[PDB]
Each structure stands twice: as C-alpha cells, then as structure tokens.
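Quick look at model-v5.txt (compact mmCIF, C-alpha atoms and all ligand atoms):
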# COMPACT_ATOMS: atom_id res chain seq x y z
CA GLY A 274 -55.71 33.98 -23.86
CA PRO A 275 -53.03 31.87 -22.17
CA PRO A 276 -50.18 33.10 -24.43
CA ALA A 277 -50.85 36.80 -23.73
CA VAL A 278 -48.34 38.98 -21.85
CA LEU A 279 -48.72 42.58 -20.64
CA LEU A 280 -45.71 44.72 -19.69
CA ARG A 281 -45.42 48.24 -18.29
CA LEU A 282 -42.83 50.75 -19.46
CA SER A 283 -42.31 53.56 -16.94
CA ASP A 284 -39.58 56.10 -16.28
CA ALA A 285 -41.51 57.60 -13.35
CA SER A 286 -38.67 56.47 -11.07
CA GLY A 287 -36.13 58.50 -13.04
CA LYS A 288 -35.01 55.50 -15.11
CA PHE A 289 -36.81 53.15 -17.46
CA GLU A 290 -38.40 50.08 -15.91
CA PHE A 291 -39.90 47.50 -18.30
CA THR A 292 -41.76 44.97 -16.14
CA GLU A 293 -44.25 42.19 -16.81
CA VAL A 294 -47.51 42.97 -15.04
CA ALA A 295 -49.75 40.09 -16.17
CA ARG A 296 -49.91 37.06 -18.43
CA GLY A 297 -52.54 34.66 -19.70
CA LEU A 298 -56.06 35.25 -18.44
CA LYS A 299 -54.74 37.84 -16.02
CA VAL A 300 -54.21 40.33 -18.88
CA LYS A 301 -57.10 42.72 -18.19
CA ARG A 302 -57.92 46.14 -19.60
CA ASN A 303 -58.12 47.57 -16.07
CA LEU A 304 -54.34 47.15 -15.65
CA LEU A 305 -53.69 49.85 -18.26
CA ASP A 306 -52.51 53.16 -16.80
CA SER A 307 -52.82 56.44 -18.69
CA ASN A 308 -49.57 57.63 -17.06
CA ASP A 309 -47.33 54.99 -18.70
CA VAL A 310 -46.72 52.93 -21.84
CA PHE A 311 -47.84 49.30 -22.02
CA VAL A 312 -46.67 46.50 -24.31
CA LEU A 313 -49.34 43.87 -25.02
CA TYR A 314 -48.48 40.60 -26.75
CA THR A 315 -51.75 38.98 -27.82
CA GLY A 316 -50.43 35.75 -29.33
CA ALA A 317 -50.76 37.26 -32.82
CA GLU A 318 -49.28 40.77 -32.53
CA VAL A 319 -47.48 43.16 -30.20
CA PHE A 320 -49.03 46.52 -29.30
CA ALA A 321 -47.15 49.47 -27.83
CA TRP A 322 -50.03 51.27 -26.09
CA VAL A 323 -49.22 54.92 -25.31
CA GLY A 324 -51.14 56.36 -22.38
CA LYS A 325 -52.44 59.90 -22.73
CA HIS A 326 -50.18 61.08 -19.90
CA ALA A 327 -47.08 59.05 -20.75
CA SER A 328 -43.79 60.94 -20.52
CA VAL A 329 -41.72 62.23 -23.43
CA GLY A 330 -39.25 59.38 -22.91
CA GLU A 331 -41.90 56.69 -22.57
CA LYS A 332 -43.54 57.90 -25.78
CA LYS A 333 -40.29 58.11 -27.75
CA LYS A 334 -39.05 54.69 -26.58
CA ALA A 335 -42.38 52.81 -26.67
CA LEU A 336 -41.68 51.01 -29.95
CA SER A 337 -38.07 50.19 -29.10
CA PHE A 338 -39.19 48.46 -25.90
CA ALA A 339 -41.92 46.56 -27.75
CA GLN A 340 -39.20 45.45 -30.17
CA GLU A 341 -37.03 44.44 -27.20
CA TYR A 342 -39.85 42.22 -25.96
CA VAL A 343 -40.24 40.62 -29.41
CA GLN A 344 -36.54 39.77 -29.46
CA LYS A 345 -36.12 38.54 -25.89
CA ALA A 346 -39.33 36.49 -26.05
CA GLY A 347 -38.22 34.73 -29.24
CA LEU A 348 -41.22 35.83 -31.30
CA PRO A 349 -40.92 35.21 -35.06
CA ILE A 350 -39.68 37.96 -37.31
CA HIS A 351 -42.99 38.72 -39.05
CA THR A 352 -44.80 39.40 -35.74
CA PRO A 353 -46.77 42.63 -36.26
CA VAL A 354 -45.71 45.45 -33.95
CA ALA A 355 -48.06 48.43 -33.74
CA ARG A 356 -47.81 51.67 -31.78
CA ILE A 357 -51.27 52.89 -30.74
CA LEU A 358 -52.55 55.80 -28.68
CA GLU A 359 -54.85 55.58 -25.68
CA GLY A 360 -58.41 56.34 -26.71
CA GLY A 361 -57.87 55.54 -30.37
CA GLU A 362 -60.36 53.34 -32.17
CA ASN A 363 -57.64 50.64 -32.13
CA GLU A 364 -60.09 48.01 -33.33
CA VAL A 365 -57.65 45.09 -33.28
CA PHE A 366 -56.38 46.07 -29.82
CA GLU A 367 -59.91 46.43 -28.46
CA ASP A 368 -60.95 43.07 -29.93
CA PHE A 369 -58.40 41.33 -27.68
CA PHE A 370 -60.43 42.36 -24.63
CA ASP A 371 -63.83 41.72 -26.26
CA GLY B 274 -38.55 30.47 -30.50
CA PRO B 275 -39.93 29.42 -27.11
CA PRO B 276 -43.62 30.14 -27.92
CA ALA B 277 -43.65 27.88 -31.02
CA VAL B 278 -45.84 24.75 -31.04
CA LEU B 279 -45.88 21.87 -33.53
CA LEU B 280 -48.82 19.44 -33.65
CA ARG B 281 -49.31 16.30 -35.74
CA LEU B 282 -52.57 15.32 -37.42
CA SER B 283 -52.54 11.64 -38.38
CA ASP B 284 -55.12 8.94 -39.05
CA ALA B 285 -52.45 6.21 -39.29
CA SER B 286 -53.77 4.70 -36.03
CA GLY B 287 -57.16 4.00 -37.63
CA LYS B 288 -58.69 7.26 -36.39
CA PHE B 289 -57.74 10.93 -36.38
CA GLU B 290 -55.26 11.94 -33.68
CA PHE B 291 -54.21 15.58 -33.24
CA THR B 292 -51.44 16.03 -30.70
CA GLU B 293 -48.51 18.29 -29.85
CA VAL B 294 -45.19 16.76 -30.87
CA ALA B 295 -42.72 19.61 -30.26
CA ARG B 296 -42.53 23.07 -28.77
CA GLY B 297 -40.10 25.93 -28.43
CA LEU B 298 -36.62 25.44 -29.85
CA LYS B 299 -37.39 21.76 -30.56
CA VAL B 300 -39.68 22.74 -33.45
CA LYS B 301 -37.43 21.74 -36.33
CA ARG B 302 -37.86 21.10 -40.02
CA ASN B 303 -36.89 17.41 -39.84
CA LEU B 304 -40.10 16.85 -37.86
CA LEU B 305 -42.22 17.60 -40.95
CA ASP B 306 -43.07 14.01 -41.87
CA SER B 307 -44.30 13.77 -45.48
CA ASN B 308 -46.71 11.01 -44.38
CA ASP B 309 -48.84 13.28 -42.18
CA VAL B 310 -50.17 16.81 -41.62
CA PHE B 311 -48.53 19.21 -39.16
CA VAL B 312 -49.93 22.39 -37.59
CA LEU B 313 -47.27 24.96 -36.71
CA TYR B 314 -47.93 27.88 -34.38
CA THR B 315 -44.99 30.27 -34.74
CA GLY B 316 -45.89 32.70 -31.98
CA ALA B 317 -47.72 34.93 -34.47
CA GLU B 318 -49.40 32.74 -37.11
CA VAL B 319 -50.64 29.20 -37.72
CA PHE B 320 -49.78 26.95 -40.66
CA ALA B 321 -51.44 23.72 -41.72
CA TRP B 322 -48.52 21.98 -43.42
CA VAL B 323 -49.71 19.20 -45.73
CA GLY B 324 -47.31 16.34 -46.35
CA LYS B 325 -47.34 15.12 -49.94
CA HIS B 326 -47.95 11.56 -48.70
CA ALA B 327 -50.68 12.45 -46.20
CA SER B 328 -53.92 10.51 -46.46
CA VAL B 329 -57.08 11.72 -48.19
CA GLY B 330 -58.62 12.44 -44.79
CA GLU B 331 -55.54 14.18 -43.39
CA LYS B 332 -55.37 16.50 -46.41
CA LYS B 333 -59.09 17.30 -46.28
CA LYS B 334 -59.20 18.07 -42.55
CA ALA B 335 -55.81 19.82 -42.23
CA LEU B 336 -57.11 23.40 -42.34
CA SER B 337 -60.04 22.70 -40.02
CA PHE B 338 -57.69 21.33 -37.36
CA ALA B 339 -55.44 24.39 -37.66
CA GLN B 340 -58.44 26.70 -37.22
CA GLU B 341 -59.68 24.69 -34.24
CA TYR B 342 -56.21 25.04 -32.70
CA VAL B 343 -56.62 28.83 -32.75
CA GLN B 344 -59.87 28.45 -30.81
CA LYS B 345 -58.63 25.90 -28.28
CA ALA B 346 -55.35 27.75 -27.66
CA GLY B 347 -57.14 31.03 -26.91
CA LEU B 348 -55.38 32.87 -29.74
CA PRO B 349 -56.84 36.02 -31.33
CA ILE B 350 -59.68 35.25 -33.72
CA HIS B 351 -57.80 36.97 -36.57
CA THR B 352 -54.60 34.95 -36.07
CA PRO B 353 -53.41 34.15 -39.62
CA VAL B 354 -54.11 30.55 -40.62
CA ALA B 355 -52.62 29.30 -43.89
CA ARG B 356 -52.69 25.90 -45.59
CA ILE B 357 -49.33 25.14 -47.24
CA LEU B 358 -48.04 22.17 -49.23
CA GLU B 359 -44.84 20.23 -48.65
CA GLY B 360 -42.06 21.71 -50.76
CA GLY B 361 -44.01 24.88 -51.30
CA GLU B 362 -42.71 28.38 -51.10
CA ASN B 363 -43.96 30.38 -48.11
CA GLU B 364 -41.82 33.24 -46.91
CA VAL B 365 -43.09 33.37 -43.33
CA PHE B 366 -43.04 29.60 -42.91
CA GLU B 367 -39.52 29.35 -44.33
CA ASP B 368 -38.28 32.27 -42.22
CA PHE B 369 -39.41 30.57 -39.01
CA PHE B 370 -36.97 27.75 -39.86
CA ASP B 371 -34.17 30.25 -40.66
CA CA C 401 -45.10 57.65 -16.92
CA CA C 402 -50.71 9.84 -42.66
Show me the file's structure as structure tokens.
Ligand SMILES: [Ca+2]
Ligand SMILES: [Ca+2]
Amino acid sequence: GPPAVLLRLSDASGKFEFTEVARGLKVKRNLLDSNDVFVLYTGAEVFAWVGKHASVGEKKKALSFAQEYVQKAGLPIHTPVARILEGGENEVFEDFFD
Amino acid sequence: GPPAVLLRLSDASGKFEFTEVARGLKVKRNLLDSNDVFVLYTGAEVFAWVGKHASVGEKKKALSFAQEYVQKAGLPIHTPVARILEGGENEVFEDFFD
C-alpha cells in the first residue's frame, strides 16, 4: 500500500549502502535480490529479508539496519521487527504481496 | 512520528463525518476531544478511541470506521485494530504519546 517502503542493504561496494529502492505501490516482489538484504516496511511491521546469497556482513547487520530505519522513520516503539530468510514460508511477509 | 494519522468521527453536524484532523508530529493528546471518536494510526496499529461524551452513534460505529480506515489506507489486513475508552489503560496507545 501507499505507506510501504522497501530498502536495500548492500556491502557489495566494499562499504554498507542502505538505500530506498521503492515506496507505495512501487514496492514489488521482483525488486528483491538474493544477493543482498532488504528491509520492507509494510505499514504494520518491518521485515529484514535475508537473501540466500547475502554476505556475512549483510546477514549480521540486517536487523540493526532494520532498527535504524524504524528509528529514522519515526515508527512507534511497538512496531514488530522480524528477520526472515529468503525462501522461508514467511506467511506474513508473503501476504503483503498477495 | 511522521507516519501517524489522527481522524475524527463525529455526527455533531447532523450526519457522520470521518476526516483527518492531524498527522505526523501534530498528533497530540490534547486533540482527543471527549465529545467525539478519534481513530489513531500510529505507523503500526490503529486505535478507535471512544470519548466518554461521544454520541450513541459515534460509540457504536467507532470500531467499524477504524477497520474501514485500514482498508482505505491500503494497510496490511492484519494491522492491529483496537477499540479503547477515554481514560483507559492501553500500553501501546499511551506509549505513542510518550
Ligand atoms: Ca550482497
Ligand atoms: Ca460527538
């Protein structure tokens, strides 16, 4: 929906880059990249989605960057934050794109 | 924070009006008028706040208008929606207002 935001976390450059890649109706499943981590804010929760081929640093820091988004976006303190793996059942995550 | 939205449900005009009255950092506790119903979207959950002096119709329809807000705002279908009374104790609602 309109409040959604999708961000990419990548250290493929040699340093971490945490960049917004889409928001609102532009948040599409086909923007996810198995090589990186993605942070998805749905309007009700924040997901740290860990691609199968994400790096050791991306995987270790996935949750801390999702937390950084929660704080800088001004989301309320009970916002659920969940770390999920690519390919998992991830029913709540998958329902966002349903 | 910035994503917060506050809407007023009132039939004081002679018919039901449901309209946004504040958003972002302007969503403040002194906007909770005991005479009406207010729907608060925090960025993660929705509350139907029921003023003690709201009308019979405002109190009956409060929750339905909060649920309809989830639909019309494009929020996840499982977004928490809770009906709460003026002066009541709700941890998440109170925490949003510090
Ligand atoms: Ca990577
Ligand atoms: Ca009233």
Report task. Select residues of chain B: the criterion is any atom within 10 Å of an atom of chain A, counting all atoms listed in the file; output as a ChimeraX atom specification. Result -> /B:274-277,297-298,314-319,343-353,364-366,368-370
Query - Shell around residue B:299 at 10 Å using only C-alpha atoms, local window under 3 positions removed, as a PyMOL selection string - result: chain B and resi 274-275+277-279+294-296+302+304
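Residue nearest residue A:341, chosen from A:325, A:300, A:312, A:305 and counting all atoms listed in the file: A:312.
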Query - Best match for closeness to ligand CA 402 (chain C) among B:340, B:356, B:361, B:323, counting all atoms listed in the file - result: B:323
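Since chain B and chain A are the same sequence, their C-alpha atoms pair in order, and the RMSD after least-squares superposition is 0.6 Å.
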Report task. Let me have all residues with an atom within 10 Å of ligand CA 401 (chain C), counting all atoms listed in the file, laid out as a ChimeraX atom specification. Result -> /A:281-287,289,306-310,323-332
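In this model, the gap between atom CA of residue B:292 and atom CA of residue A:371 comes to 28.9 Å.
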Requested in this report: Just give me the gap between atom CA of residue A:342 and atom CA of residue A:280 in Å, one decimal is fine.
Outcome: 8.9 Å
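Atom CA of residue A:354 sits 20.1 Å away from atom CA of residue B:367.
Considering all atoms listed in the file, the residue among B:355, B:311, B:293, B:320 positioned nearest to ligand CA 402 (chain C) is B:311.
The smallest atom-to-atom distance between ligand CA 402 (chain C) and any of B:338, B:301, B:288, B:321, using only C-alpha atoms and all ligand atoms, is found for B:288.
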Complete stretch 315-334 of chain A at the level of N, CA and C atoms, written as a CSV table (one decimal), keeping the file's coordinate frame.
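So part14.csv came out as:
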chain,number,residue,atom,x,y,z
A,315,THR,N,-50.5,39.6,-27.8
A,315,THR,CA,-51.8,39.0,-27.8
A,315,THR,C,-51.7,37.5,-28.2
A,316,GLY,N,-50.5,37.0,-28.7
A,316,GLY,CA,-50.4,35.8,-29.3
A,316,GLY,C,-50.4,35.8,-30.8
A,317,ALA,N,-50.8,37.0,-31.4
A,317,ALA,CA,-50.8,37.3,-32.8
A,317,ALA,C,-50.1,38.6,-33.2
A,318,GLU,N,-49.9,39.5,-32.2
A,318,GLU,CA,-49.3,40.8,-32.5
A,318,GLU,C,-48.8,41.4,-31.2
A,319,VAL,N,-48.0,42.4,-31.3
A,319,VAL,CA,-47.5,43.2,-30.2
A,319,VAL,C,-47.9,44.6,-30.4
A,320,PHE,N,-48.6,45.1,-29.3
A,320,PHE,CA,-49.0,46.5,-29.3
A,320,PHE,C,-48.2,47.3,-28.3
A,321,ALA,N,-47.7,48.5,-28.7
A,321,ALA,CA,-47.2,49.5,-27.8
A,321,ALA,C,-48.3,50.5,-27.6
A,322,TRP,N,-48.9,50.4,-26.4
A,322,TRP,CA,-50.0,51.3,-26.1
A,322,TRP,C,-49.5,52.5,-25.3
A,323,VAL,N,-49.8,53.7,-25.8
A,323,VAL,CA,-49.2,54.9,-25.3
A,323,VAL,C,-50.3,55.7,-24.5
A,324,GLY,N,-50.2,55.6,-23.2
A,324,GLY,CA,-51.1,56.4,-22.4
A,324,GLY,C,-51.1,57.9,-22.7
A,325,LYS,N,-52.3,58.5,-22.4
A,325,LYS,CA,-52.4,59.9,-22.7
A,325,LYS,C,-51.5,60.7,-21.9
A,326,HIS,N,-51.1,60.3,-20.8
A,326,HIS,CA,-50.2,61.1,-19.9
A,326,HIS,C,-48.8,60.4,-19.8
A,327,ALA,N,-48.4,59.6,-20.7
A,327,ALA,CA,-47.1,59.0,-20.8
A,327,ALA,C,-46.1,60.2,-21.0
A,328,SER,N,-44.9,59.9,-20.5
A,328,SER,CA,-43.8,60.9,-20.5
A,328,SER,C,-43.2,61.0,-21.9
A,329,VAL,N,-42.4,62.1,-22.1
A,329,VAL,CA,-41.7,62.2,-23.4
A,329,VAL,C,-40.8,61.0,-23.7
A,330,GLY,N,-40.1,60.5,-22.7
A,330,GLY,CA,-39.2,59.4,-22.9
A,330,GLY,C,-40.0,58.1,-23.1
A,331,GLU,N,-41.1,57.9,-22.3
A,331,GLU,CA,-41.9,56.7,-22.6
A,331,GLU,C,-42.5,56.7,-24.0
A,332,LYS,N,-43.0,57.8,-24.4
A,332,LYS,CA,-43.5,57.9,-25.8
A,332,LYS,C,-42.5,57.6,-26.9
A,333,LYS,N,-41.3,58.3,-26.7
A,333,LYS,CA,-40.3,58.1,-27.8
A,333,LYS,C,-39.8,56.7,-27.8
A,334,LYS,N,-39.7,56.0,-26.6
A,334,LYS,CA,-39.0,54.7,-26.6
A,334,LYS,C,-40.1,53.6,-26.6
